[PDB]
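**Student:** Structure incoming, see below.
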Amino acid sequence: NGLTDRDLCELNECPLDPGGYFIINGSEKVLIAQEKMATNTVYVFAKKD
Amino acid sequence: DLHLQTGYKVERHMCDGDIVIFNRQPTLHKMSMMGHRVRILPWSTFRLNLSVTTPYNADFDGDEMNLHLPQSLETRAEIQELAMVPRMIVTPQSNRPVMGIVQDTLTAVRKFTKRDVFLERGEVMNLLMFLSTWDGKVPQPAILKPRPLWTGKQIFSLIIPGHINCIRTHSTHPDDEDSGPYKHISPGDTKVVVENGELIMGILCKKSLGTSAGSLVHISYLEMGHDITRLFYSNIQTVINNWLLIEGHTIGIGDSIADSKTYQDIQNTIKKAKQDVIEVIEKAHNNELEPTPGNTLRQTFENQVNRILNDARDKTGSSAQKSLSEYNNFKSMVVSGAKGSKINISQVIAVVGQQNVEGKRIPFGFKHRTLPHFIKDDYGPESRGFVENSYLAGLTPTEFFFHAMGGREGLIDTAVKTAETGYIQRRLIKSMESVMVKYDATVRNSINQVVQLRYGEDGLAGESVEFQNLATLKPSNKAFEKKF
Amino acid sequence: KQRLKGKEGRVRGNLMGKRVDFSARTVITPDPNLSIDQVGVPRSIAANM
Amino acid sequence: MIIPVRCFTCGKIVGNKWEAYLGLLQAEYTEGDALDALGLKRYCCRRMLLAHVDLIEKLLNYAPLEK
Amino acid sequence: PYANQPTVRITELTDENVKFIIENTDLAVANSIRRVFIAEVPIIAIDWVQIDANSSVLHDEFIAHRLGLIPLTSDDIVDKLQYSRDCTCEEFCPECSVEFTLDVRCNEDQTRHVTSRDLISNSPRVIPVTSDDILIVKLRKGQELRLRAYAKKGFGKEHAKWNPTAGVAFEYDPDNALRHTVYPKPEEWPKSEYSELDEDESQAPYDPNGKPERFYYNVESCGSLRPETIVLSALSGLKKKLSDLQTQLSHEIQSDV
Amino acid sequence: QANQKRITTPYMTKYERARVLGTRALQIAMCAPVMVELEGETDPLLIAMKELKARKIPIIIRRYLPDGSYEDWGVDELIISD
Amino acid sequence: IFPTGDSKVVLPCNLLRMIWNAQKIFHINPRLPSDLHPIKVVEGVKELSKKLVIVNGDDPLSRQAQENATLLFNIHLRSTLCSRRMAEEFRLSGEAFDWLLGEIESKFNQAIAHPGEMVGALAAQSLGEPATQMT
Amino acid sequence: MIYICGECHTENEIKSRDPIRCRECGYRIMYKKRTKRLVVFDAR
Amino acid sequence: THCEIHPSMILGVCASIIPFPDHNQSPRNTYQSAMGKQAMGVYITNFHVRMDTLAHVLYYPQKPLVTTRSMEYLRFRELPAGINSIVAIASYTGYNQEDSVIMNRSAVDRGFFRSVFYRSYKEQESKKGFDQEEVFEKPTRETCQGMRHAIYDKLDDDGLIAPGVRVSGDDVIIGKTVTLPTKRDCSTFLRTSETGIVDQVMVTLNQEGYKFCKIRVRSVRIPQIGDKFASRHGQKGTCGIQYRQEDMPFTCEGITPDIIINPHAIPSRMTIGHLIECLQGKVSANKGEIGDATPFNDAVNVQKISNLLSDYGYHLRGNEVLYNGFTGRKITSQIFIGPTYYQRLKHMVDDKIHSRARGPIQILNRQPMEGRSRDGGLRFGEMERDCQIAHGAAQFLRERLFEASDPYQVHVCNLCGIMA
Amino acid sequence: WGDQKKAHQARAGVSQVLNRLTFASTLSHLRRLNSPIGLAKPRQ
Amino acid sequence: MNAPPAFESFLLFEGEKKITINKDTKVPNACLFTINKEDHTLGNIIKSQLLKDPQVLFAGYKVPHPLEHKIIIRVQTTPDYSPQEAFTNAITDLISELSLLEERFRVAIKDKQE
RNA sequence: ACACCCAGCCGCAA
Ligand SMILES: [Mg+2]
Ligand SMILES: [Zn+2]
Ligand SMILES: [Zn+2]
Ligand SMILES: [Zn+2]
Ligand SMILES: [Zn+2]
């Protein structure tokens, strides 16, 4: 964080890389957002059967 | 230890001329595994003839097929005598030739069969060189003086084998020609007639060389045999491709632009349709739209709106087609029947048309509106999915989103329905795995339960049946007595 | 019982339809210069098989 | 990564015009005038120069693993 | 029955492009002449590269490919040097190839450009086109590049790097007279450079007795071979091909008889 | 059964065509006698075709009726479909 | 049997095309009179219909079964080969008629169901094929 | 068998089956030099 | 109450690079948006420092002539994923029929779409036993239980293949032998059909403190006639055949197309935006700036592009007269030429190719194994046996499912049916 | 996603391997959603 | 893997001949030349030159397959003029044409150079 | 005379 282009290049890290991923055992893992029903909101549904 | 005595077996490599079988999953119908003769070409990719692209429900864009090699003389013999694609041109599923001239050949066949086409001497020699069954005698040119010109129909007549007798109607056949005079002249050069294995008149298209009953290839198979049909297919493809090298085909923006008068007429039609739907929705708001019998007020309002919009899109498509130029490649591609349809021409030129999801128009996802940009409680065409603009003209964002919804519906149903059809066809084939015909010509189950006394109530296989007309049921009593 | 069950199982995954030798797979591209019966096969599959 | 030596379509020499192209651009000239001055009449070479992006400047920023 | 009498006129002879007009000739002859211009004109180019040491950011195959595409001036010794395959020479000798050595090391903060000028030849006749300069690779401080390369004799059929012409332009019948191409809307099309119609007229009238003739060429060299000796070499190569066919056909027909 | 009462289609069909051609080709491929004169043919399949056209197959087809009784047919009484 | 006036029906041999082939193979001139006794046609078609057998036998039950199986082809054949129709529309000659009868016999015999066909699998796969196009 | 390390680039001679470092920077990343053995590269 | 920033912003990352997405049909926008993930290029600048399995990189990427305003903000310009190439949408000899492509062998020889295939392998010093410890060392022919005919002398004394040495298929790269409970060669081998060259070799200490090595093997991949290609409008295609420069057609100005797709690809799958891109690319290349092709723009339409092209000396609809490459005769029609963006895809025929002939055999089923990497066979699925039943080829089906797969003999008693 | 021993009730598919075929691929993978569904209504 | 060597496109390895003659049996006085390791560059020339001969009926060429470097040329003459001699005469006229073209190009270049 | 054990999970091609 906070490093400019020069330090990132000197540090063997791509300036253009957006980041946003973890590194576990050398494999770059990225979390994916998961949808779920909104909490604390009364709904109404009509089950057909 | 390399000395070979009689009785040894040597595992040679796959030499040319050997027999193999292909397969493309999903293997939907029995056509998807035919036998082929092997040929050795450079590079690292299979290479098969184009017309086979239809039997295997395949397109040559990343598709990959299997290749099984038989490993016994008995196996090779049966595959040669049963599954070799020359002997299995016509499928018994619908007693029509699943094989068909397709893509550049078919369009080039159309442009090569027109009356206007003519060939100089050297071009005719070049075309004849690509044939294989040619007897070696250059036919008399249709034109002698001032200079020799051959007609494409004459070269095609050379291509036809034996003495075939076929009569088919071109796609753009005017219905008035049959009743009126010039019935056998056909000023539009419709009414394809093949006499004594020579092409006499008419342009060829999907309805004559395509995968249709009573097609020219169908009659070729039924009459001459199966090898001659293979030569027919190969000759057509080779010679037409090598003539297309001279003629050439293309498609571009010039084929999508229409005349300014056409644009003005199209805009006028769209404006009138929008005004009419404004009128009918005004009537609905003021409560004078009398409900259709058996239908709800909303139901009949939707039906009337859909009727108006469909009339508008049909009129726009007809106007675009009328203004569509003869040299326009879109018209050639559609009328030939290679790919595309007149509806696609209408969408490209005039109007994309109404976009609908699950049959109905765009649903009201928000509070009684389709998107935030439209006023609440609107049933106008622009605000419910209708796409006034065309692809060439470009789509505005809202209609672009609605078209995206329509395309997503296409993707979703085409992608989910394979699981159901895969289960139905597996259940059917598993049920009917054992039913077959014994040598009493009685169809029987696995445990010898007579299912049918004779196959198809007549004992006739499906590969040798044709469409015919009784010519005795329809005529009246007076006409019957007169004619018999 | 789960070994003998449906897809990815004994009866349907190893007996009714089974993996077999003497086979090949690769992409397909057009070639209008071969007859209908013919087909191109490259030298690698021809040699190995 | 770096300006290709030969135009893909025809084959006119192109690798020797990248530096001149940048020099002409620096001297207040527009792209069209610069390409005309460099003699690339055919448009395949024009897009060969114009559409190329040189990553090699970004690549040299990394120190070599030898010395 | 006998051959026709071609005639040639030259309209421009700059240092790198040549325009000439060939009249009274079959279309096939002209088409084959252009094909030989772009396929079967001998030229010297790099084909065998040995990378002694490459610390550049670019990899060995990249540098080898780029060196291969570099043109080499071979106005003279294309005829003298024999093909490596034909030379009884094992591997490579100076009689059938030209040897190249490249040695550049960057030892300063400023970026070093490994231009084609850095290439050093043995025979002074064969050198890159420098008598701007073609760039090969850019090097940071401490990035060496040492390699040796041999240049063979080849023509365009083997590989594009042996293609001498930049791009050959071949146009015949500028104002469409034989209707070899049909314009649906002729007025919309620009008139060709070699046209001879007025502004009002769109196309020449139909010529049923016409035949293609008066072909226009615009052969442009890549700087390796002069753009006029290239045509002579092309014609000589076609003549030699036909003479080889003569010898082979004579041998075959005598053997049959 | 005897010579009489022989009821079955006398058209030697495509399935038995394939079987007979394959088996005869295999037999000749194992150095078996040839039934007809041959003029410079070596492929077993082609010679099998030619000798079938000569109608001299040394094989009798046994046909299984659904009931269980067999019915033997020689090739030379059968007429070729082609 | 056929309500709704559906005259389109599937039969083995394309009789019209066969007659046309006979015409243009024997160069028969429709203008000139032909030499074809109508009784020759009558017993010709009758003998042909006798030689087309689906249910081979001689007992009354087998004969009735054969008649029922071949009724549609026989009726279409008689309709197309009627005496007046041959006299007027087609105008074939005697050798033309003999060749037509022989070719019809050969084609029908070729089109007969071959024992051993796996009719069940063929039917299941053929009827399952359009299911992928029903979308 | 000379190894080149991460950043300070010393061709340290190890040949001793010890934990891999260099006496200059100590970074625990090592690379090995391009082989002296030649290899042809076709320019095709 | 509110006003949109810009309507085009609805598009996603991979869908934003599509030029004129509105003019295309939405299904093909979807398909292209799927491909943009697979469109190779300079994926990250520091690729040579990194090393990971299945990493590609392209030689000569180019920012597209027909750009989109959003693309500059996705940083696509810095890291393109394709080349602008002259395209001729026309029928030809027939090797582009259906969805296929004809390419330029001469241009391919000049570096057109030539790309690298970096592949990285790793091996570990996972000591399990107390004397059964593996070590990196050059195996000897007699001291190792595992002895193949593979070429072993290429390795150094450490047992790691030196960088910069050509390695063929099925070669040893890491010589590691496990001591027996004298030794056993548990060494990894380079898999089938790569013929690459090892470039970089690494040695390190793993997390648990044992020696750990990685090596990277690269191999240039000149496009053969099997490689999947697609435009920015969902134009799935493969290289049917490569023609040299003298075989393909050529304009009166000497321009020769790099790629020739078939007109059949346009009408059925309406992608008029492809033609719009071609025209805009032509006018942009002629003029000198990068063509603005943001999705929803009333300023830019086909008519103004046509007028600019006409002003610059071409057919106002983008067509051009092309001469037959073989004959030299003018083509009767007039082909549609112009540049456009094309992307090489991850799918390569050299990777998808596969064959099997009595190779290795599964332990449990005693049948051919899974995958080409394991040299396994192909499945003869249930729908295939059904097809062969429909054919009626009995003994073909028999050998396919019994003899070619796994023949086996058993002894069974006659009184009882139990295995004996 | 969850405790190791309770993989049955643990939702799967989270933390996919980052795709690195192209910069566009990386950005698309970073900005991605996913539904927990294994009928066409949820998928339209 | 299977990419053929580039030099293969024109070189003749030991085991084949440049020319083979086949007498077509379909029509009298016909030949089937089978020039090997060539392409359209020669086939087009040969077809054009033969077609100019007044006393030859048929003349054409085809490549059986673009990947395979082979061409087949068929020539049919009147029943007093062997196809082989027609081929030879066409080639000789071609050689004279190309030599004349080279000479006149030399003259044009010399005249242009001052 | 070859060497790599399997289950699960995920992406992706037609
Ligand atoms: Mg597909
Ligand atoms: Zn160029
Ligand atoms: Zn030498
Ligand atoms: Zn250090
Ligand atoms: Zn027992």
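A note on labels: chains of the structure tokens are A, B, ... as shown, every chain counts residues from 1, and ligands are counted from 1 in their shown order.
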Check every protein, DNA and RNA residue against ligand 5, keep those with an atom at most 7 Å away (counting only C-alpha atoms (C1' of nucleotides) and all ligand atoms), and present them as a count of residues only.

**Tutor:** 7

**Student:** Near chain A, meaning an atom within 10 Å, which residues of chain I appear when counting only C-alpha atoms? Write them as a PyMOL selection string.

**Tutor:** chain I and resi 43-50+52-53+75+78-79+206-207

**Student:** Restrict the selected residues to N, CA and C atoms and save them as a PDB file, in the first residue's frame.

**Tutor:**
ATOM      1  N   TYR I  43      -0.625 -10.764 -20.136  1.00  0.00           N
ATOM      2  CA  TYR I  43      -1.595 -10.793 -19.048  1.00  0.00           C
ATOM      3  C   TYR I  43      -1.162  -9.905 -17.888  1.00  0.00           C
ATOM      4  N   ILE I  44       0.121  -9.933 -17.535  1.00  0.00           N
ATOM      5  CA  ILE I  44       0.674  -9.040 -16.524  1.00  0.00           C
ATOM      6  C   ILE I  44       2.087  -8.671 -16.948  1.00  0.00           C
ATOM      7  N   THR I  45       2.506  -7.457 -16.587  1.00  0.00           N
ATOM      8  CA  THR I  45       3.804  -6.962 -17.033  1.00  0.00           C
ATOM      9  C   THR I  45       4.941  -7.819 -16.490  1.00  0.00           C
ATOM     10  N   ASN I  46       4.903  -8.142 -15.200  1.00  0.00           N
ATOM     11  CA  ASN I  46       5.996  -8.890 -14.576  1.00  0.00           C
ATOM     12  C   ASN I  46       5.802 -10.397 -14.723  1.00  0.00           C
ATOM     13  N   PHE I  47       5.536 -10.843 -15.950  1.00  0.00           N
ATOM     14  CA  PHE I  47       5.297 -12.265 -16.163  1.00  0.00           C
ATOM     15  C   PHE I  47       6.589 -13.061 -16.041  1.00  0.00           C
ATOM     16  N   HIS I  48       7.706 -12.496 -16.502  1.00  0.00           N
ATOM     17  CA  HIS I  48       8.951 -13.254 -16.503  1.00  0.00           C
ATOM     18  C   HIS I  48       9.481 -13.467 -15.092  1.00  0.00           C
ATOM     19  N   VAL I  49       9.168 -12.564 -14.161  1.00  0.00           N
ATOM     20  CA  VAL I  49       9.501 -12.814 -12.763  1.00  0.00           C
ATOM     21  C   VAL I  49       8.586 -13.883 -12.184  1.00  0.00           C
ATOM     22  N   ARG I  50       7.295 -13.808 -12.490  1.00  0.00           N
ATOM     23  CA  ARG I  50       6.359 -14.817 -12.027  1.00  0.00           C
ATOM     24  C   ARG I  50       6.591 -16.132 -12.761  1.00  0.00           C
ATOM     25  N   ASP I  52       3.899 -19.695 -13.118  1.00  0.00           N
ATOM     26  CA  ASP I  52       2.753 -20.465 -12.666  1.00  0.00           C
ATOM     27  C   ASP I  52       2.236 -21.281 -13.837  1.00  0.00           C
ATOM     28  N   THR I  53       1.492 -22.333 -13.512  1.00  0.00           N
ATOM     29  CA  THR I  53       1.037 -23.263 -14.534  1.00  0.00           C
ATOM     30  C   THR I  53       0.122 -22.568 -15.534  1.00  0.00           C
ATOM     31  N   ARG I  75      -7.594   0.046 -18.618  1.00  0.00           N
ATOM     32  CA  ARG I  75      -6.165  -0.141 -18.847  1.00  0.00           C
ATOM     33  C   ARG I  75      -5.914  -1.226 -19.890  1.00  0.00           C
ATOM     34  N   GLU I  78      -2.707  -0.418 -22.151  1.00  0.00           N
ATOM     35  CA  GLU I  78      -1.401  -0.838 -21.662  1.00  0.00           C
ATOM     36  C   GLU I  78      -1.138  -2.305 -21.974  1.00  0.00           C
ATOM     37  N   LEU I  79      -2.171  -3.143 -21.885  1.00  0.00           N
ATOM     38  CA  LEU I  79      -2.040  -4.594 -22.013  1.00  0.00           C
ATOM     39  C   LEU I  79      -3.080  -5.104 -23.003  1.00  0.00           C
ATOM     40  N   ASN I 206      10.958 -24.723   1.076  1.00  0.00           N
ATOM     41  CA  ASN I 206       9.510 -24.704   1.208  1.00  0.00           C
ATOM     42  C   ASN I 206       9.121 -24.154   2.579  1.00  0.00           C
ATOM     43  N   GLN I 207       7.815 -24.143   2.847  1.00  0.00           N
ATOM     44  CA  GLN I 207       7.331 -23.615   4.117  1.00  0.00           C
ATOM     45  C   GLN I 207       7.884 -24.416   5.288  1.00  0.00           C
TER      46      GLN I 207
END

**Student:** Excluding same-chain residues fewer than 2 positions from stretch 58-67 of chain D, what lies within 6 Å of it counting only C-alpha atoms (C1' of nucleotides), as a VMD selection string?

**Tutor:** (chain A and resid 9 to 10) or (chain D and resid 55 to 56) or (chain E and resid 140 142) or (chain H and resid 9)

**Student:** Taking only C-alpha atoms (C1' of nucleotides) and all ligand atoms into account, which residues are within 7 Å of ligand 4, as a list in words?

**Tutor:**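 The neighbouring residues of ligand 4 are, in order, residues 5, 6, 7, 8, 9, 10, 22, 23, 24, 25, 26 and 27 of chain H.
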
**Student:** Dump N, CA and C atoms for the selected residues as an mmCIF file, in the first residue's frame?

**Tutor:**
data_model
loop_
_atom_site.group_PDB
_atom_site.id
_atom_site.type_symbol
_atom_site.label_atom_id
_atom_site.label_comp_id
_atom_site.auth_asym_id
_atom_site.auth_seq_id
_atom_site.Cartn_x
_atom_site.Cartn_y
_atom_site.Cartn_z
ATOM 1 N N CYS H 5 21.646 -15.477 -7.073
ATOM 2 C CA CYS H 5 20.597 -15.260 -6.091
ATOM 3 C C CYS H 5 19.625 -14.190 -6.586
ATOM 4 N N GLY H 6 18.758 -13.723 -5.692
ATOM 5 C CA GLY H 6 17.680 -12.827 -6.059
ATOM 6 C C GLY H 6 18.104 -11.466 -6.571
ATOM 7 N N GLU H 7 18.714 -10.649 -5.713
ATOM 8 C CA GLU H 7 18.911 -9.230 -5.996
ATOM 9 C C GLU H 7 20.366 -8.818 -6.143
ATOM 10 N N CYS H 8 21.255 -9.251 -5.250
ATOM 11 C CA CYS H 8 22.624 -8.750 -5.289
ATOM 12 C C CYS H 8 23.493 -9.458 -6.324
ATOM 13 N N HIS H 9 23.009 -10.545 -6.927
ATOM 14 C CA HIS H 9 23.584 -11.122 -8.145
ATOM 15 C C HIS H 9 25.065 -11.479 -7.964
ATOM 16 N N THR H 10 25.304 -12.459 -7.099
ATOM 17 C CA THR H 10 26.624 -13.056 -6.936
ATOM 18 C C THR H 10 26.565 -14.524 -7.332
ATOM 19 N N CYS H 22 23.365 -16.788 0.122
ATOM 20 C CA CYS H 22 24.600 -16.143 -0.291
ATOM 21 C C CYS H 22 25.074 -15.233 0.833
ATOM 22 N N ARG H 23 26.390 -15.091 0.948
ATOM 23 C CA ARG H 23 26.990 -14.355 2.051
ATOM 24 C C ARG H 23 26.857 -12.842 1.910
ATOM 25 N N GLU H 24 26.229 -12.352 0.840
ATOM 26 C CA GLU H 24 26.096 -10.920 0.599
ATOM 27 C C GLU H 24 24.740 -10.385 1.049
ATOM 28 N N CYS H 25 23.645 -10.956 0.539
ATOM 29 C CA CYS H 25 22.299 -10.508 0.882
ATOM 30 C C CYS H 25 21.518 -11.504 1.723
ATOM 31 N N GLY H 26 21.806 -12.798 1.609
ATOM 32 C CA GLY H 26 21.130 -13.793 2.415
ATOM 33 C C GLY H 26 19.724 -14.131 1.975
ATOM 34 N N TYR H 27 19.265 -13.587 0.852
ATOM 35 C CA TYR H 27 17.918 -13.859 0.373
ATOM 36 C C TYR H 27 17.790 -15.332 0.006
#

**Student:** Which polymer residues have any atom within 8 Å of an atom of residue E:30, counting only C-alpha atoms (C1' of nucleotides), with same-chain residues fewer than 5 positions away left out, as a PyMOL selection string?

**Tutor:** (chain E and resi 25+215) or (chain I and resi 328)

**Student:** Stretch 63-80 of chain G: which residues within 7 Å, counting only C-alpha atoms (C1' of nucleotides), same-chain residues fewer than 5 positions away excluded, as number ranges by chain?

**Tutor:** B: 457-458, 470, 472; G: 11, 49, 53-55, 57-58
